[PDB]
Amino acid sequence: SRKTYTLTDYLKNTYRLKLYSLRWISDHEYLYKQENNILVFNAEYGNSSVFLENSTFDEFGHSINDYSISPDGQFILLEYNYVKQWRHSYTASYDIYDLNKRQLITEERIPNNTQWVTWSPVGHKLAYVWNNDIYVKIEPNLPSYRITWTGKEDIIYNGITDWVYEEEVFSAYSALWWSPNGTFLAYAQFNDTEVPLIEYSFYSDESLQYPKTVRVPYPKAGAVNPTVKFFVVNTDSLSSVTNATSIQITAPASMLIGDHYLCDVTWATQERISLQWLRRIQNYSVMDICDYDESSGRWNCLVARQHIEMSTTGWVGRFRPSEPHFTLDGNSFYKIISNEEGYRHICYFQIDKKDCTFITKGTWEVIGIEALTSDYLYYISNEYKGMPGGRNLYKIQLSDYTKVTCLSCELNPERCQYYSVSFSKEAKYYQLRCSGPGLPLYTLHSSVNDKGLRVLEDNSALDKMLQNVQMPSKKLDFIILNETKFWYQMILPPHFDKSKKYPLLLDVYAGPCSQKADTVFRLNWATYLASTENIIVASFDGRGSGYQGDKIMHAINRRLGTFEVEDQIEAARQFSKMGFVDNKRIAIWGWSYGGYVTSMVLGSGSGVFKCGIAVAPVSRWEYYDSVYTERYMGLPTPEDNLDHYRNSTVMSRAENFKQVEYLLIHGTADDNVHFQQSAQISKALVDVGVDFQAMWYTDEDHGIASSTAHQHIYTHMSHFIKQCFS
């Protein structure tokens, strides 16, 4: 009766999860990029109007992939010729459509191959980067103003990040920040002069006779890191007669003493900017609050106005120090920091007062500050029912920290335990996005009384689609190890009979601050493996795991490849001793960090896993990037942590692979975890005489996400797993 969720279903995405992506343009309205045309919705009433026809740009001559409407509403930025680079970076061509005259600006147009572009926060100003230099257009048709002249491919980056700052710290390519009203344009400058280059071959189309060598400045663990500078430009004060004057904000001295990073930049007021710096030993970070000097034109960062944030048990922040959220007058701010008990909560600061006051506390953590009004502080956390894998939106009254209200917990407890949110400009409204455990639900609410205005998408189409199929169930629970409870989840085959013994696949990530046991609803590989193959797919959040306090997360500090891999093993043993698990058919697989862990596990000699698959894994921390690696491993030097660097490689575990069936996968164009990492595992396995399976994906990167590659890799892994299990 009915059918199972198949591999073809997954790969051909026959069952689509409908989302509702809206972009707020005001505090009252938002744009909804429909399928054809872009409509505008009035948050309040519910009355809609078209913003621009789907046909508007037919004969444009080019295929547009994105639109960026200025905060003015007068102009529209048209982005095309999109060419992907790293995880966030890319180059493209842009055209400016005038919504007034309804024409396409044609003079002083934006350069092809533009690296980054951004409207100012209010008018119709423009800042963009081309050839690594920054340019500014006060008005769409006026000439661009060369702000910087030092740009130089792979050497100096102005307004954009280099590889490591893109991936590991800013999580963005952009490196410019407009002041609130658009007067000032702040930017960072990266210098990779002495940073070593990673080199790999890119084969490109068949037509290319000779392979090309891709070279990108990339600091591996302990190498020379790029250096950084920060600057501020007064866009209201630049002419066409003289070059723009960039005012540099330097230091702090405690930082200039050695290698450091610029980890955060947030504007406080029209004339106040906050900068957060991080030492290379990500133990210490300092936040500076600099003000603009009127009768001097410089920016002053008064000490006494700076805040120190450190950690004695590990690094600062989950992945980096948090972002402060300033109040109206920008004289105080809120930001998530670690408790005296190791739990991350919101702390209240006065820009000139050292000791902050925690406004939340408990044995749970605030995931993020979502919106700040003079009245309430809105945030998401996992406090609800003590489930670290859940997410709910809360609002705390700033006058009385005792008055905290959960805005999502009870909306529909059965179907929703994992929320995210999108607030309007002044947080007058907000879209709640429930992504599990039931089907994704998008609703719209008004902040005044926290009333539900209307459902935006309840995925009723999918619900009618799936009632047809034999869907797997999900169990989210925990086991107790040495005083602590550790969560895990299991994707269970339909008509799960605890009387039968099911093969089990351990799906791992397990990197620092990772979470794999959650209440999110998904349609993926594991769905198919459980539904069609009758395989139980489990995940476990052990030591090093995130969102449960520092005692847990910092357990692997300076000790990667130890407790997290052991807990993964220990957890499988427990599952294997549950009765419905076929102990002779347990497998393990991981992508990225999961690939590394999956590998360390297979080479651990545990005796638990028959087989395992590792996709684009790290094999030795000295091959991975500095910023990420060093944040947990310190420096690869004898004076520091060289011994563990050398003790935690997969290759040194090669002999132990003689006991398992291993599949090793990696894209040859992986700019993140270099093919080199898997190239060294394969060689160690060969030198020690271990047979195993292998698969390279030419020209694919860490995501192996091209459509065909994606279908190919999961089809291949599927065959491996069934062979190992039948």
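The term rigid core refers to the maximal set of C-alpha atoms that superpose within 1.5 Å between the two forms. For every residue, the number given is its place in the sequence shown, counted from 1.
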Stretch farther from shown form by Cα RMS in 6 other deposited structures of this protein, picked from 33-41 and 65-73 after core fit, is 33-41
Would you determine, from the values in the PDB entry, which of 269-277 and 94-102 has the greater average C-alpha temperature factor? 94-102
Between 173-181 and 587-595, which has the larger average Cα B-factor in the PDB entry? 173-181
Among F675, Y697, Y662, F51, single out the one with the highest C-alpha B factor in the record, please. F51
Between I134, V303, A614, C611, which one tops the list for C-alpha B-factor in the PDB entry? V303
Tell me, lowest, middle or highest third: where does the Cα B factor of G689 rank within its chain? middle
Within-chain third of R433 by Cα B-factor, per the entry: middle
Would you mind ranking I704 by its C-alpha B-factor against the rest of the chain and naming the third, lowest, middle or highest? middle
Going by the recorded CA B-factors, say which third of the chain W130 sits in, lowest, middle or highest. middle
Just say lowest, middle or highest third for the CA B-factor of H260 relative to the other modelled residues in its chain. lowest
